[PDB]
């Protein structure tokens, strides 16, 4: 009765403390390699790797390569690319069917931000996608090394 009321106030204090502490912790974690947008979080590893290796790193970490699905997400991702001044790989490829880019699941793109003239499968060997510091996309050979950015 009167006891439960006291225990509740104690619990209330514990939760409010956690909310304040967690909020501060989130800001700390995201500085300087992460960006939060909606319920998605982009985070860069800070180094470059070929597509296959970059892809494995994200999947093993429980996430996947950056997959911007809107202008808002693309802008958030662009911030990390600008901050590191290094173009990054996206998760999408047209390795299965040339000319048709898809997400790792197989789904067709729901949003794109291709630079003028892209994708152009230059040299007949560009199945991966990179995002420039200006936010635009370009298909690029998967063997090339680009900034690793995963989404969680």
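Numbering follows the first chain given and starts at 1. By rigid core we mean the largest C-alpha set that fits within 1.5 Å across both forms.
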Between 133-141 and 11-19, which one strays more from this form in 8 other deposited structures of this protein if you match the rigid core and compare Cα atoms? 11-19
If you average the CA temperature factors as listed in the entry, which stretch comes out higher, 35-43 or 99-107? 99-107
Mind pulling up the entry and telling me whether 133-141 or 9-17 has the higher mean Cα temperature factor? 9-17
Member of 92, 28, 83, 88 with the greatest C-alpha B factor (per the PDB record): 83
Rank-wise, by C-alpha B-factor, drop residue 52 into the lowest, middle or highest third of its chain. highest
Residue 120's Cα B-factor: lowest, middle or highest third of the chain? lowest
